[PDB]
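Summary of structural features
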Amino acid sequence: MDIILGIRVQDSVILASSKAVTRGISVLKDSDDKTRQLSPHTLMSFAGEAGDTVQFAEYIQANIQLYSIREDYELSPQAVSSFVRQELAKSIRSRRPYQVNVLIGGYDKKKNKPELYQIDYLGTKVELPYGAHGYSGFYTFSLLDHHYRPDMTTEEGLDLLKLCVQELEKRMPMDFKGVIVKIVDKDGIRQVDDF
Amino acid sequence: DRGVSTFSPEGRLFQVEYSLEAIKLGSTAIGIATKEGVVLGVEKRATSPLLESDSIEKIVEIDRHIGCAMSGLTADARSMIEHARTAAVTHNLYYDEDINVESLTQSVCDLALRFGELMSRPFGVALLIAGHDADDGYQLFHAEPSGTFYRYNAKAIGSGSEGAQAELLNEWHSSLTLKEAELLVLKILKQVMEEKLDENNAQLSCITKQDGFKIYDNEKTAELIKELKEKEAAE
Amino acid sequence: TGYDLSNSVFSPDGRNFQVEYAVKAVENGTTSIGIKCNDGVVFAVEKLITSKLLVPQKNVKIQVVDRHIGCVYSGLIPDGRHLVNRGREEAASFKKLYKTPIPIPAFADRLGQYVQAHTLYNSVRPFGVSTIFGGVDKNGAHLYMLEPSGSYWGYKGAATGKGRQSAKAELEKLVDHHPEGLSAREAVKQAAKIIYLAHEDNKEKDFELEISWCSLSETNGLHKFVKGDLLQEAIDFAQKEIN
Amino acid sequence: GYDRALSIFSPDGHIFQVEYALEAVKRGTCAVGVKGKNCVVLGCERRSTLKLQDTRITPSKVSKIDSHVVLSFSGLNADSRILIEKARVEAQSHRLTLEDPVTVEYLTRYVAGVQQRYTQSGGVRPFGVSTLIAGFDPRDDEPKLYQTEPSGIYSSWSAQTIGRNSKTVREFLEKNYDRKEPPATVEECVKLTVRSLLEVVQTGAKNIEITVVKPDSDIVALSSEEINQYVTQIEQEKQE
Amino acid sequence: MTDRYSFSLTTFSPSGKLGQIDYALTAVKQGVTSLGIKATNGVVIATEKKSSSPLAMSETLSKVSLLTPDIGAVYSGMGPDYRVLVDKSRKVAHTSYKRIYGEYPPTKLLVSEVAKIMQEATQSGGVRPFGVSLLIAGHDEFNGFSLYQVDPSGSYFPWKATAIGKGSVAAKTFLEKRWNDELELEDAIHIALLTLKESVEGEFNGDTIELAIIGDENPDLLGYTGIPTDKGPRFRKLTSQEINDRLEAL
Amino acid sequence: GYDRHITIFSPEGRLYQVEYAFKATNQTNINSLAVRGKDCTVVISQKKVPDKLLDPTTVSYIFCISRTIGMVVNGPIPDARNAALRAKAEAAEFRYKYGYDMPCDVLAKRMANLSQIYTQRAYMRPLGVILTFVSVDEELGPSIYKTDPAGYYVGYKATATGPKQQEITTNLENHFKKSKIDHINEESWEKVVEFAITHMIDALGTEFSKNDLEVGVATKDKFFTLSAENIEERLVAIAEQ
Amino acid sequence: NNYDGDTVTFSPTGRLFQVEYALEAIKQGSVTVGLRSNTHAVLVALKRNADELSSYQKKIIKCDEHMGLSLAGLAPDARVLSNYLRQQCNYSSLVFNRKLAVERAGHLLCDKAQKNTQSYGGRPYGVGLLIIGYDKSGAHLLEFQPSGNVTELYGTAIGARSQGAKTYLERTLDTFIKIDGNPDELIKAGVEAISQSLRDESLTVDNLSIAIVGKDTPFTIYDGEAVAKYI
Amino acid sequence: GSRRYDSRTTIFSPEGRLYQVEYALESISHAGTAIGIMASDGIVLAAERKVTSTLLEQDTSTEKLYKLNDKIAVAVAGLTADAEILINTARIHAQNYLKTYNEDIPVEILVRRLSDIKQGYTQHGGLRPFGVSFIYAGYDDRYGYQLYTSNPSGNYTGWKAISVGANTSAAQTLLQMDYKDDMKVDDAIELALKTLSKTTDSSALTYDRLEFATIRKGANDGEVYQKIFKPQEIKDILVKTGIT
């Protein structure tokens, strides 16, 4: 699919993902949720080749849920991101690689810190205060480089995110039909239903 | 020790003959074929009163036109049922039609002698396979762990089988109605069962051309038991 | 004890009892022979007529390998057929790679190694046959006999089955009385006689005679069955000698 | 590969390896399951031959297969881990393909199938384990309790016990459990489960474990003190 | 065909004994005596060349074998089992080490690999244990000189000095009285020859005794010159003459 | 007592199947002898053709393994030919892979290793044969290397195998005790064959005709067997002095 | 005794007991007869029921348009071997456009059965077969034993009490071989032959099973009222 | 065929016991005693080498105590060769986990993995089980200091103090008597050595007959240190605790 954004503020991680699904000529859907909850305090958004995106995301979800049941314990965001990276690094030298890029937003309950990880389909992992995939970064990073502070509130993070989406809606040729925004903090994962 | 596929001096496979002994210890199952349908009945035989008896599943659907009852080591039947269901559905996929009851039975019986040193031993369960097709009408087959299957007008398997089969010898005729067959299975089950027969420790089922395979409700069977009691008291 | 319960086990003697038991099955079979002549070989076998219902001349026992080798055996008939099937595969692969038809000594070792391999493991049973075989190659005529152990040697004459002692004695007379050699046509006649003489060990039931031959002059070095007039002539010669 | 047929029939039509696996279950610590009107309780015996045990880290007897289903057992502890792992993998596989968590009956049918397979496969011995599987089907408030055994047969139970001295506690349950009126509350159900174990256990101290499963993935394990209060109240009513 | 023995031939008996391992050790006990002594600047390993026939050329039968340029081995027990273990040990030194790290393995790790092979013949399907005990002497940069014993079970132990086989009990007592932590290599060779004489019945000379050392680097045995860091093998087999020279000062 | 049926240890640390394979070695009742000259290696073996129906030219226990290597076998012919075919295959493969002729001692080691495997692996039985390999090696010169069912092998100055090996062995020992050298100091192989036959006659106490013996000779770059008429010429020379 | 635990073991007299035990299963089986003339070949089989409610076990199996057999012994083993014959007949037709010779079909059955008598783990087949067919050399009748032994005959019988039918055919040899161009009379001779093996029971309409193949006659099986004509 | 010679290593007895597991446990009861004691500020591992010699090179010798990673160690009782096979597998599993999740493997997960391998040899394959019992001493940030044991059956349990090998009945009674929950490492060191000194089959407990190890947060600040004691260091702690 198209635009996925992430920003890590003081006490939470915010993920924004476009709602459009386009199959060549027509926009088949304008309310698609490009994310999967991996654990109560870990969320993964995704974009890439059709079919492979959801297949990969659900495969990861199943594996983390299996780990959670086996150990009666939630893996740290860092541990989950490393597992996901290895799967993509394995995939890139397969017969038919997963063409999927992901952002992993998680709140570490042990360290009481939000964490945002950016991983591309090659298995290239980086921890960032804010990130994106595709062309999304080309339009938004100059705004984030200017306004971002590590001590921002969640509300300030959403406002900076709105400015990023507005710039995308102005200069991007494709109509991505707005974004679904989700917040990851100490209390878990919730969706902002008005954006 | 000795081979699993060894012949005895009489020309019988030891393991097959021994599995037949396990089937003799199983709960009773009875089948009666008529021109109006085939009836299948079983003894549930719960080991304790705290065991919820409606979870005992000894009568099973293979397809809409084929049912099946079991006796012996009933856990062994699960892979046989799975194969039967797959074979029935697969044939419909390949040929856009219902599979013949005999052909389904033959497919199940092909699994039987696939043991050695494939599975490590024969199945310890016998099956009564009942159904209907357009070519041969209403049919009842007895599938054994030897790989042999006989067609029957009526048949009983399990612990009360030889007493039940003698009773079926006298009672069966070519003009039996479906209702008459239902009462007859209930009558003979009641005869050979240890505990007193009711709707909770016995189960009925039938296969008709119109309605297909149906397992009877406990309320429906309870009425047929009451009808049986009254007609036996009638003389 | 227990050394004889499993194949490939050495007894305290250094013997493989299972192989020795396979020999007993061979000794129980019908009599078969082989005669090496001047430019070829002759094979003959006793076929017991168990019943009148057996169709005469139909249940053929002697088998051809390639087009120049004949094989006959005594003991368990199916085991012999299995060995000939392998022999046919060996001969085919030899000719495939090397072009020339397999030489008889080469063919002998192929059967020998295969039979020997069935004495190496307890997961297989030894062959219940002794096989007499041979034919004509570039170096001339060759006759071989192969036992259940895998052991084989070249022979001037060979015999196996229930009437082997009788047959051997008859073969030994021919070797002594003909140091210069025997003709192919003579060998067919003599083969008929020897089978008839060896039939005294199986005198209860009557039998059917079956003969084949490979000769450089008589069959162009190809294996052929003796049929019709030449077979009858050999039967007459044989019947005359027993009376 | 090792292909030897270990589970085979005997002249009297018995498979001894399967029957000897049941003897391993008889040796295992007692496990009990009781379903109320709106709950299921799983009770387990802990043999007090082992003290100096670290109870924080020692493998607990009741295992979550999913957030809504639990599994307890009697028999070989090492064997049970293999069944628990397979059940957990299948639970996630079901969610992945059907997009719905397993029913309690389905999960039972799977575990029972694995057990059966190990009774007619070459080179393997049967599991020396019987299991009690309890929980609630997704979006359903009807309690579920099933039992499996080494042969692979399974069935549903209003109340059931397995393991050593299970004959005694089944005797208790058969006279104390009424089907027309099951334990209406959590309290009543736990009380009846603790009572049933007290027929067999010894000291009511750290020897009894209790796990309560309610609808909608509500599963909690009772502590020593909470169970101790049930143990206290039961005997004070008994002194009469 | 196919190997249908996929099950263990070594199993625990009711008393907890592994019968086949015990019996393998009994075969080692019947074997000819071999010994090893560690000095401050070297290690010596020795054994008797028990010739089966005087027509046999006993020089063609090597009981003391080079495993790597700095590691040697000797045995007691079944000779054929030893020979194949030497082949496997030489190969595993390359496949599991030299082809990875570009250098020969340290003594303790090569011993560990040989031990693993012997352990597996004690658990794997359709095989019996090896009927040998090995003594492995060697040197490497970071561990210095070392001597190890490996048994049929796969167990291994490091020794200052030891003996295995026929007269090991008497030989170990003899070594306990003579060994100290200040021995030079020549002293250890002298003690080795003294110890070995007790277990030998017949002829005792350079032709009936096999002896090798792990000592100084031998640049004369390297086969090439030009690379300063390459200084030659530390393993050296003593000649018949070299043994006889030390038997006069005996 | 299944420790006697397969190759596992007995309580005494013995392998009975290996010991019984050594006994099968003498089943043919044939004795063989091998000696080394200056330029050659000679091997002689008794030849017994007990049946008149046999073709005597096909009765043999000496094998031409490669151009340079010969092999005499003591034991039943099926196992002998099994070992012969394998040795031929190994020698040919060696030349293909490593670019030079397989040495006699290296082939002996290889066959000894194969034999060792049969003593350790249960599904394979030992071969009931003793294999004596001979050649004139390009590095080591005249060579005799002998393998047995235990997987043991060693080089020999001379050697003997069979039911009466001890008598021949002692006879050879006594000669080399006199001469104090490791070989027969003779130029021609003909005279080395004559030595070999003479000392077998002395040791066994039996006379030989041309059909009672079987002879193999190894020289530089070839191994060959003698015909009956070549052996006859040898026997005549022995009798004339 | 000590040598009957598996098929891979000869006895001290050179016998294979597992094979002999498999042969015993045939003797317990119901009687079936085979006979032929120069134009036709006929199978007659006495079918066996479990009881009066049960059907009569089928005995005759079609392999091709020109070939088929009758069984006596373990029925599932006959299904395996007949399936193999169906495949081999089929391979011959598809690859070579050639109807499989009856003699060659016998050779293939022999070799398939032999492999189960020389290897560990397996077991011999527990069934005997009578194969009839019409090919390029006329009518044929074969007898198969699970030892591997296959024999071409004018007539024969296998199963329980088969000796009575076999003696009758041995007497009638000169008569029934001459029944050319008359299918009904050849079947009559077969029905009369199998009657020499009956005791207590007689040939009824659901008891009797007949098969025939010939010059201008595809392999066809007669059951039910189709055999009432011959009762 | 081959069936004749099969011991059938993976069958139940009529009583429902696994023959080979029981017999392997009998083997382990003759091995040198190993003891583990868990304290609030660390874990102690103490073990007795079996009847040694004066010519054994002790300082380079290891038969009892093995390092699995920087946080986890094991004490061995049984066949040493069998133990090294499993130890190498455990070391690999720990590294596999570290590579996958970029975190050190939790102690129980490693223990469960090795225990499952042992279990497999009792249920399938027809091979003899491993004649080894382990004591696992380890630390992770979830449960802190942990002691586990596993045996040839593949069953594992957690402990405050535990012994394996010879004289476990006597050793366990002595530990049960003197162990307290608020105990410290230095006290636990003394208890372990005192217990071995009383249970040993040797005449006296000396440095050359012992292997010793501690896992302490006595590593400078917020980290854990493993200490495999040297021969001289075992000699010193024996004098300090007043045994020699």
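Structure determination for this PDB entry is given in the record as X-ray crystallography, at a resolution of 2.50 Å.

Take the overall build of chain A next. What chain A contains, in helices and strands, is 4 helices and 12 strands. By the compact-globule yardstick of 16 Å for 195 residues, chain A fits well, its C-alpha radius of gyration being 16 Å. Looking at chain A residue by residue over its 195 residues, the buried ones come to 53%. Of the accessible surface of chain A, which amounts to about 9,500 Å², a share of 48% is contributed by carbon and sulfur atoms. Taken together, the 25 basic and 28 acidic charged side chains of chain A have centroids lying 4 Å from each other.

Further remarks concern the sheet that holds strand β5 (residues 71-77) of chain E. Residues and elements named next belong to chain E. If you trace the 5 strands from one edge of the open sheet to the other, you get β4-β5-β6-β7-β8, paired in antiparallel fashion. Looking at which strands have only one partner, the edges of the open sheet turn out to be β4 (65-68) and β8 (156-158). The sheet shows a mean angle of 25 degrees between the axes of neighbouring strands, taken without regard to direction. Two elements, strand β7 (residues 144-150) and β8, share 3 bridges in a ladder whose sense is antiparallel. When the sheet's bridge partners are listed, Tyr148 is paired in β8 with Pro158.

Buried accessible area, meaning the area lost when the parts come together, often serves as the stated size of an interface. At the interface, 31 residues of chain D touch 39 residues of chain H. For the pair chain D and chain H, the summed buried surface comes to about 3,000 Å²; carbon and sulfur atoms form 55% of the total. Connecting chain D to chain H are 2 salt bridges. Viewed at the interface, chain H and chain D are joined by 14 residue pairs in polar contact. Of all the secondary structure elements, the ones that give two or more residues to the side of chain D that touches chain H are α1 (16-27) and α2 (77-98) of chain D. Looking at which element gives the most residues to the side of chain D that touches chain H, the answer is α1 of chain D, with 6 residues. Its residues assigned to classes, the side of chain D that touches chain H comprises 16 nonpolar, 6 polar and 9 charged.

This part is about the pattern of salt bridges. The final tally for this structure, using the stated rule, is 83 salt bridges over all chains. If you follow the salt bridges from partner to partner, you end up with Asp108, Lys111 and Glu115 of chain A in one network.

This paragraph deals with the sheet that holds strand β12 (residues 188-192) of chain A. Residues and elements named next belong to chain A. As summarised here, the arrangement of the 5 strands in space is β10-β1-β2-β11-β12, forming an open sheet in which the pairing is antiparallel. Here the strands that pair on one side only, and so sit at the sheet edges, are β10 (130-132) and β12. Adjacent strand axes in the sheet meet at a mean angle of 15 degrees when their direction is disregarded. Sheet topology places strand β11 (residues 179-185) next to β12; 5 bridges connect them, and they run antiparallel.

Residues and elements named next belong to chain G. Where nonpolar side chains cluster on the molecular surface, the patch consists of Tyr91, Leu94, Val95 and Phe96 and spans about 490 Å² of accessible area. Within the element layout of this structure, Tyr91 appears in helix α2 (residues 75-96). With a relative accessible area of 49%, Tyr91 lands in the partly exposed category.

Here the focus is the packing of helix α4 (residues 164-177) of chain C against helix α5 (residues 184-198) of chain C. Residues and elements named next belong to chain C. Running from amino to carboxyl end, α4 crosses α5 at an angle of 150 degrees, the nearest separation of the two axes being 8 Å. The two elements α4 and α5 cross, and the hand of that crossing is right-handed. Between α4, through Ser166, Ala167, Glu170, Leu171 and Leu174, and α5, the contact on the second element is made entirely by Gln190, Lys193, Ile194, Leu197 and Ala198. Per-class residue counts for the contact of α4 with α5 are 6 nonpolar, 2 polar and 2 charged.

Our next topic: the nonpolar core. Counting residues in hydrophobic clusters, the biggest one holds 91 residues, and the most contacted among them are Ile33 and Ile211 of chain C together with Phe133 of chain F. Counting residues per element, this core draws most heavily on α5 of chain C, which supplies 9 residues.

The full count for this structure, using the stated rule, is 42 aromatic pairs over all chains. Arranged with centres 6.5 Å apart and planes meeting at 35 degrees, the rings of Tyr145 of chain F and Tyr153 of chain F form a pair that is tilted. Here the aromatic rings of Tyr97 of chain H and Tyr101 of chain H are separated by 4.7 Å at their centres, their planes lie at 45 degrees, and the arrangement is tilted. Pair noted here: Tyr97 of chain H and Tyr101 of chain H are both in helix α2 (residues 80-101), with a separation of 4 residues, about one helical turn. In this structure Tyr101 of chain H comes out as buried when scored by relative accessible area, which is 12%. Members of the aromatic cluster, connected to one another through ring pairs, are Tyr2 of chain D, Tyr5 and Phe7 of chain E, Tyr2 of chain F together with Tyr5 of chain H. Sitting above the plane of the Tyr16 of chain F ring, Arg4 of chain F keeps its charged end 3.9 Å from the centroid. The ring of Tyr84 of chain G carries the charged tip of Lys112 of chain G above its face, separated from the ring centre by 5.2 Å.

With that settled, the discussion passes to the side chain of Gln119 of chain H. Structurally, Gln119 of chain H is set in helix α3 (residues 107-123). Taking relative accessible area as the criterion, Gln119 of chain H reaches 2% and is therefore assigned buried.

Another point: helix α1 (residues 17-28) of chain C. In an α-helix, one full turn covers 3.6 residues, which means residues spaced three or four apart are oriented alike. Residue and element names in this part refer to chain C. With 12 residues, α1 should reach 16 Å at 1.5 Å per residue; the first-to-last C-alpha distance of 17 Å fits that figure. Taken together, the buried positions of α1 are occupied by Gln18, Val19, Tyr21, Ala22, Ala25 and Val26. For α1, the angular spread of the buried residues around the axis is 160 degrees, confining them to a single face. For α1, the elements touching its buried residues are β4 (69-75), β5 (129-137) and β8 (157-160).

Let's shift gears to the pairing of β8 of chain C. Residues and elements named next belong to chain C. Residues of β8 alternate between two faces, with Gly157 and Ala159 on one and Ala158 and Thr160 on the opposite face, all of them buried. Direction of pairing for strand β1 (residues 32-36) relative to β8: antiparallel, over a ladder of 4 bridges. Along β8, the bridge assignment pairs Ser32 with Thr160.

On the surface, a cluster of positive charge is made up of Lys88, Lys91 and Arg99 of chain E together with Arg121 of chain F. Note that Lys88 of chain E resides in helix α2 (residues 79-101). Given a relative accessible area of 40%, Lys88 of chain E falls into the partly exposed group.

Residues and elements named next belong to chain F. Relative to each other, helix α2 (residues 77-98) and helix α3 (residues 104-120) sit at 125 degrees, their axes nearing to 11 Å. It follows that α2 is oblique to α3 by the angle criterion. Between α2 and α3 the crossing geometry is right-handed. Together, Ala83, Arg86, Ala87, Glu90 and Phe94 of α2 and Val106, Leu107, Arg110, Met111 and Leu114 of α3 make up the contact between the two elements.

Time to look at the arrangement of the chains. With respect to C-alpha atoms, chain A approaches chain B no nearer than 27 Å, and the pair has no contact. Structurally, chain D and chain G remain out of contact, their C-alpha atoms never closer than 10 Å.

Here is what the cut-offs are and how they apply
- Residues numbered from 1 in each chain as written, not as in the entry; some residues may be left out.
- Chains lettered and ligands numbered in written order.
- Part of a larger assembly, values for the part shown.
- Heavy atoms only, no water.
- Helix = DSSP H or I, 4+ residues; strand = E, 2+ residues; numbered from the N terminus.
- Rg over C-alpha atoms; globule rule 2.2 N^0.38 Å.
- Buried < 20%, exposed > 50% of the residue type's maximum accessible area, 1.4 Å probe, protein only.
- Areas by Shrake-Rupley, 256 points an atom, 1.4 Å probe, with all protein chains shown as cover.
- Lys, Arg positive; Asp, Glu negative; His and termini not counted.
- Charge placed at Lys NZ, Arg CZ, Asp CG, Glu CD.
- Pairing = 2+ DSSP bridges.
- Axes fitted to C-alpha atoms, helices over the stretch in contact; angles between N-to-C directions.
- Contact = heavy atoms within 4.5 Å.
- Buried area = accessible area lost by both parts, 1.4 Å probe.
- Salt bridge = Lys/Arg side-chain N within 4 Å of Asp/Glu carboxyl O.
- Polar contact = N/O pair within 3.5 Å; in protein donor to acceptor, adjacent residues only side chain to side chain.
- Nonpolar A, V, L, I, M, F, W, Y, C, P; charged D, E, K, R; others polar.
- Patch = residues over 30% accessible without salt bridge, like charges linked within 9 Å, V, L, I, M, F, W, Y side chains within 5 Å.
- Left-handed = near helix turned anticlockwise from the far one by under 90°.
- Core = buried A, V, L, I, M, F, W, Y, C linked by side-chain atoms within 4.5 Å.
- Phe/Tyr/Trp six-rings, centres within 6.5 Å; stacked < 30°, edge-to-face > 60°.
- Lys NZ or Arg CZ within 6 Å of the ring centre and 35° of its normal.
- Expected span 1.5 Å × (residues − 1).
- Arc of directions from axis to C-beta.
- Parallel < 35°, antiparallel > 145°, perpendicular 65-115°, else oblique.

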